[PDB]
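Chemist: Numbered according to PDB author numbering, the sequence shown spans residues 0 to 208, 1001 to 1042, 1056 to 1106, 219 to 305. C-beta atoms are modelled at their ideal positions from N, C-alpha and C, and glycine is treated no differently.
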Amino acid sequence: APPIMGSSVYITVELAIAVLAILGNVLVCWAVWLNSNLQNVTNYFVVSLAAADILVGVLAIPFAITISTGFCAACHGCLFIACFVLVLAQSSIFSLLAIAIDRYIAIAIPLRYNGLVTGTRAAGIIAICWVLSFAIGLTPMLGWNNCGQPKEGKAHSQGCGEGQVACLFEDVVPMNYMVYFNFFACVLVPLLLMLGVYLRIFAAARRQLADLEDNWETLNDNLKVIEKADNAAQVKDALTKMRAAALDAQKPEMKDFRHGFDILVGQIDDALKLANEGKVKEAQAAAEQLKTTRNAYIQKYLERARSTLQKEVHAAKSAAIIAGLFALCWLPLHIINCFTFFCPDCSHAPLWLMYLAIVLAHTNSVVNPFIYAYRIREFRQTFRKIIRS
Ligand SMILES: CC(C)CCC[C@@H](C)[C@H]1CC[C@H]2[C@@H]3CC=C4C[C@@H](O)CC[C@]4(C)[C@H]3CC[C@]12C
Ligand SMILES: CC(C)CCC[C@@H](C)[C@H]1CC[C@H]2[C@@H]3CC=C4C[C@@H](O)CC[C@]4(C)[C@H]3CC[C@]12C
Ligand SMILES: CC(C)CCC[C@@H](C)[C@H]1CC[C@H]2[C@@H]3CC=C4C[C@@H](O)CC[C@]4(C)[C@H]3CC[C@]12C
Ligand SMILES: CC(C)CCC[C@@H](C)[C@H]1CC[C@H]2[C@@H]3CC=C4C[C@@H](O)CC[C@]4(C)[C@H]3CC[C@]12C
Ligand SMILES: CCCCCCCC/C=C\CCCCCCCC(=O)OC[C@H](O)CO
Ligand SMILES: CCCCCCCC/C=C/CCCCCCCC(=O)O
Ligand SMILES: CCCCCCCC/C=C/CCCCCCCC(=O)O
Ligand SMILES: Cn1c(=O)c2c(ncn2C)n(C)c1=O
Ligand code: NA
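#1: Would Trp246 be called buried (16 or more neighbouring beta carbons within 10 Å of its own) or exposed?
#2: Provide the residue span of the alpha helix (DSSP H) that contains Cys82, from first to last.
#3: Sorted by chain position, which residues of the same chain lie with C-beta nearer than 6 Å to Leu249's C-beta, five sequence neighbours on each side aside?
#4: For a test of your reading of the model: does the CB of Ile64 fall under 7 Å from any non-hydrogen atom of ligand 5? Yes or no.
#5: Would you say the stretch 189 to 196 touches the stretch 158 to 170, given that touching needs at least three Cβ pairs under 8 Å?
#6: Please classify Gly152: is it buried, with 16 or more other beta-carbons within 10 angstroms of its beta-carbon, or exposed?
#7: Report yes or no: do the stretch 250 to 266 and the stretch 99 to 117 share at least 3 C-beta pairs separated by less than 8 Å?
#8: Under three-state DSSP, which class holds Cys259?
#9: Check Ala165 in the structure and name its three-state DSSP category.
#10: Do you know how far the Cα of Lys1032 is from the Cα of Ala1040?
#11: Rounding to the nearest angstrom, what Cα-Cα distance links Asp1012 and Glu1092 in this structure?
#12: Excluding the 5 residues flanking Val1069 on each side, which residues of the same chain have their C-beta closer than 8 Å to its C-beta?
#13: Does the stretch 219 to 230 come close enough to the stretch 1065 to 1083 to have 3 or more Cβ pairs within less than 8 Å?
#14: Can the beta-carbon of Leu54 be found less than 8 Å from the beta-carbon of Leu87?
#15: Can you find the residues in the same chain that come closer than 7 Å, C-beta to C-beta, to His1063, ignoring five residues on each side of it along the sequence?
#16: Is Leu26 near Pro285, with beta carbons less than 8 Å apart?
#17: What does the alpha-carbon distance come out to for the pair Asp52 and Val46?
#18: Quick test of the definition: if touching needs 3 or more C-beta pairs under 8 Å, does the stretch 88 to 108 touch the stretch 146 to 162?
#19: Please report the straight-line C-alpha distance between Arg220 and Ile21, rounded to a whole angstrom.
#20: Would you mind working out which of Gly147, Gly162, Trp268 and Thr298 sits nearest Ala72, comparing C-alpha positions?
#21: Between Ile200, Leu78, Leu58 and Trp32, which has its C-alpha nearest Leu96's C-alpha?
#22: Please classify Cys71: does DSSP put it in a helix, a strand, or coil?
#23: So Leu1014 is in the alpha helix (DSSP H); what residue range does that whole segment cover?
#24: Would you check if the distance between the CB atom of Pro189 and the CB atom of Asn145 is smaller than 8 Å?
#25: Does ligand 2 have even one heavy atom less than 7 Å from the beta-carbon of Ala73?
#26: Quick check on the DSSP output: the alpha helix (DSSP H) that includes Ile64 runs from which residue to which?
#27: Assign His264 to one of three DSSP states: helix, strand, or coil.
#28: Between which residues of its own chain and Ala81 is the CB-CB distance below 8 Å, once the five residues before and five after are set aside?
#29: From what residue to what residue does the alpha helix (DSSP H) around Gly118 run?
#30: Helix, strand or coil: which one does DSSP assign to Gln1071?
#31: Under 7 Å: does the beta carbon of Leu131 sit that close to some heavy atom of ligand 6?
#32: Does the contact criterion of 3 or more C-beta pairs under 8 Å hold for the stretch 1019 to 1029 versus the stretch 255 to 268?
#33: Could you name the residues, in chain order, whose CB is less than 5 Å away from a heavy atom belonging to ligand 4?
#34: Assuming the contact rule is C-beta atoms closer than 8 Å, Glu294 and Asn34 should be a hit. Round their C-beta distance to whole Å, please.
#35: Please go through the same chain and pick out, in chain order, the residues whose beta-carbon is closer than 8 Å to the beta-carbon of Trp29, but skip the five residues on each side of it.
#36: What do you reckon, are the CB atoms on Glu1086 and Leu1078 nearer than 8 Å?
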């Protein structure tokens, strides 16, 4: 069958992907620019990620359409056309890893997050990562290429000029670069690092949430021991334990919460002094006042701390879905390259499967705006306003 028929389907799908990638991620950038509630360090890497996806539609997809034709070109010009998408993929990887690290810092050390993770430092990290992406992705242009050994018979059959080659990806980009350097070192290792970071984030969240519940139970259990205690020493043992737990849990709403813990510790000290004097009944009656503080203050702190953690678990899952989708989207093309490289006795993957793998990789530049709309309310609402207005 004529090559332009099969090409037409591939080309049309590529253009449709390019349009969607541009529109969706331009909307992401426009939402962050307009909504100050979306202007945080986490969303600065989201914008950098969206910028890479906009460049996929504007440049990488037209480059992929061009290189599918095998047109005659100077080999190093062809290399740029072949490698630029690797720059964008590398940048995306850096942004995805930065988002994962950012969410770990926020959940593991929230008391020092604002002082450690700032917008100015984030912009500096984004700039460095872009420079690194260019270096990694354009490494073939540094000499790790096949331009020294051009397919002369293919170039002559296509009427290429002297010094030109038929511009095809696998003719100019070495497969040992694609598999060992790009896939294994620069894609697989960072993705396994993100998985590691995500596991730590979820484990930290779970651990925190049994700590909140453990403290709620413990306060309640120690109130029961005091009620059915029969001597002053037992009341003292329970109160002593309580006081330590109250200070451990203390480490508009913040003013009433600090006042709630000032009442709690003070009421524990009142009953402790009565227990040390041997006045058991008085100590017990004083410890009963703690239930008033628990209902009006402590329980509200427990449902708000728990609520905050849930929101973090939710936000970490949304970010992990984005990283997972990147892996799902790019792995097929990388796995095919592994078969091409590691099995010279296997027939090369057919052209239609190469096209399918390539389009799948490009579809990843479309999916992120939909994940933000379906999982993050502040993005969703902002998208509605932009579209309406
Ligand atoms: C700012 C943005 C829009 C600029 C985009 C510039 C792009 C399209 C330019 C920059 C470098 C250019 C390449 C430089 C070298 C060659 C070799 C030549 O034998 C065929 C064209 C080809 C492959 C060019 C294609 C167009 C090209 C890729
Ligand atoms: C931000 C501005 C400066 C754009 C920078 C891009 C320019 C400087 C780069 C990008 C790609 C480069 C080209 C890539 C490959 C080739 C083919 C080679 O046979 C001659 C040089 C030539 C044609 C390069 C010239 C310089 C070039 C056009
Ligand atoms: C990451 C998830 C989606 C798994 C993706 C699995 C895909 C990429 C795997 C599964 C089966 C694989 C194919 C199995 C057998 C062959 C025949 C060989 O002569 C060329 C490669 C080729 C055609 C493989 C290409 C890659 C392949 C299609
Ligand atoms: C954590 C996971 C996603 C790591 C990625 C797994 C990759 C690296 C694995 C999965 C399946 C593997 C392929 C399975 C079968 C063959 C055929 C053999 O003749 C050469 C190696 C080759 C081509 C393997 C190369 C590596 C491979 C592509
Ligand atoms: C911001 C908007 C961005 C603008 C994006 C524009 C969209 C055009 C898409 C692809 C270009 C590919 C052009 C095709 C190049 C091949 C020409 C050629 O020579 O191929 C014939 C070959 O010789 C036979 O073997
Ligand atoms: C594939 C090539 C990889 C490149 C390896 C060497 C590059 C090392 C770069 C490190 C970035 C460190 C950040 C330092 C910022 C200082 C900027 C300044 O001078 O003010
Ligand atoms: C959701 C499941 C995927 C749906 C569509 C995927 C279709 C492509 C799947 C390909 C698996 C194997 C492809 C076989 C290629 C022929 C092997 C050869 O001749 O070398
Ligand atoms: C990343 N990538 C491509 O972008 C590509 C390709 N073949 C054609 N293109 C465009 N291969 C094998 C590839 O690994
Ligand atoms: Na991306």
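Modeler: This is what the structure gives:
#1: As a working note, residue 246 is residue 330 in the sequence shown. In the assembly as shown, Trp246 is a buried residue. Its beta-carbon has 16 or more other beta-carbons within 10 Å.
#2: To locate residue 82, count along the sequence shown from 1; it is residue 83. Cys74 to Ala107 is the span of the alpha helix (DSSP H), which, as asked, contains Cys82.
#3: Position 333 of the sequence shown, counted from the start, is the residue given in the question as residue 249. Cβ neighbours of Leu249 within its own chain (closer than 6 Å, five residues either side excluded): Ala273 and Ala277.
#4: Counting from one through the sequence shown, the residue named residue 64 turns up at place 65. Checking every heavy atom of ligand 5 against the Cβ of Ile64, one is found closer than 7 Å.
#5: Result no; under three Cβ-Cβ pairs closer than 8 Å.
#6: Along the sequence shown, one-based indexing puts residue 152 at 153. It counts as exposed.
#7: Taking 8 Å as the limit for Cβ pairs, the verdict is that the stretch 99 to 117 does not touch the stretch 250 to 266.
#8: Here residue 259 refers to the residue found at position 343 of the sequence shown. Note: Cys259 maps to coil in three-state DSSP.
#9: Reading the sequence shown from its first residue, position 166 is the one you call residue 165. When DSSP states are grouped into helix, strand and coil, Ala165 belongs to the strand group.
#10: The count along the sequence shown starts at 1 and reaches residue 1040 at position 249. The count along the sequence shown starts at 1 and reaches residue 1032 at position 241. Approximately 13 Å, taken between the alpha carbons.
#11: Taking the sequence shown and counting its residues from 1, one reaches residue 1012 at position 221. Taking the sequence shown and counting its residues from 1, one reaches residue 1092 at position 288. Those two C-alpha atoms are separated by around 13 Å.
#12: Position 265 of the sequence shown, counted from the start, is the residue given in the question as residue 1069. Cβ neighbours of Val1069 within its own chain (closer than 8 Å, five residues either side excluded): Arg1034, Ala1037, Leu1038 and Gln1041.
#13: Contact fails: fewer than three Cβ-Cβ distances are below 8 Å.
#14: Residue numbering aside, residue 54 sits at position 55 when the sequence shown is read from its first letter. Residue numbering aside, residue 87 sits at position 88 when the sequence shown is read from its first letter. In contact: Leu54 and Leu87 (Cβ atoms closer than 8 Å).
#15: Counted from its first residue, the sequence shown places residue 1063 at position 259. Counting only Cβ-Cβ distances below 7 Å, and skipping sequence neighbours, we find nothing.
#16: The count along the sequence shown starts at 1 and reaches residue 26 at position 27. The count along the sequence shown starts at 1 and reaches residue 285 at position 369. Against a cut-off of 8 Å, the Cβ pair of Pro285 and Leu26 comes out as a contact.
#17: By 1-based counting over the sequence shown, the position of residue 52 is 53. By 1-based counting over the sequence shown, the position of residue 46 is 47. Near 10 Å, if we compare the C-alpha coordinates of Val46 and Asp52.
#18: Cβ pair count under 8 Å is below three, so no.
#19: Here residue 220 is taken as the residue at index 304 of the sequence shown, counted from 1. Here residue 21 is taken as the residue at index 22 of the sequence shown, counted from 1. Those two C-alpha atoms are separated by around 39 Å.
#20: Translated into the one-based positions of the sequence shown, residue 72 becomes position 73. Nearest option by C-alpha distance: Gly162.
#21: Locating residue 96 in the sequence shown gives position 97, where the first residue counts as 1. Cα-wise, what sits closest to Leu96 is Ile200.
#22: Translated into the one-based positions of the sequence shown, residue 71 becomes position 72. If DSSP states are grouped into helix, strand and coil, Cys71 belongs with the strands.
#23: If you number the sequence shown from 1, residue 1014 lands on position 223. From DSSP, the alpha helix (DSSP H) with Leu1014 extends over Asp1002 to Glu1018.
#24: The sequence position of residue 189 within the sequence shown is 190, counting from 1. The sequence position of residue 145 within the sequence shown is 146, counting from 1. Between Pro189 and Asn145, the gap from beta carbon to beta carbon reaches 8 Å or more.
#25: To locate residue 73, count along the sequence shown from 1; it is residue 74. Because some heavy atom of ligand 2 lies under 7 Å away, the Cβ of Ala73 counts as near it: yes.
#26: Numbered from its first residue, the sequence shown carries residue 64 at position 65. DSSP places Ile64 in the uninterrupted alpha helix (DSSP H) bounded by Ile60 to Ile66.
#27: Counting from one through the sequence shown, the residue named residue 264 turns up at place 348. DSSP, reduced to helix, strand and coil, places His264 outside both helices and strands of the structure shown, so it counts as coil.
#28: For the purposes of this step, residue 81 is taken as residue 82 along the sequence shown, with counting starting at 1. Within the same chain, and ignoring the five residues on either side of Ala81 in sequence, the residues whose Cβ sits closer than 8 Å to its Cβ are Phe62, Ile66, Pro139, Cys166, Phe168, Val171 and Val172.
#29: In the sequence shown, the residue the question calls residue 118 occupies position 119. According to the DSSP assignment, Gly118 belongs to the alpha helix (DSSP H) that extends over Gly118 to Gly136.
#30: By one-based count along the sequence shown, residue 1071 stands at place 267. If DSSP states are grouped into helix, strand and coil, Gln1071 belongs with the helices.
#31: Here the question's residue 131 lines up with position 132 in the sequence shown. Look at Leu131: its beta carbon is less than 7 Å from one of the heavy atoms in ligand 6.
#32: No, the stretch 1019 to 1029 does not touch the stretch 255 to 268.
#33: Any heavy atom of ligand 4 within less than 5 Å of a residue's beta carbon puts that residue on the list, which reads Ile251, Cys254, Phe255, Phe258 and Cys259.
#34: Along the sequence shown, one-based indexing puts residue 294 at 378. Along the sequence shown, one-based indexing puts residue 34 at 35. Contact flag correct, Cβ pair sits at about 7 Å.
#35: Indexing the sequence shown from 1 puts residue 29 at position 30. So the qualifying residues of the chain are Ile302.
#36: In the sequence shown, the residue the question calls residue 1086 occupies position 282. In the sequence shown, the residue the question calls residue 1078 occupies position 274. Yes; because the gap between Cβ atoms is below 8 Å, this pair is in contact.
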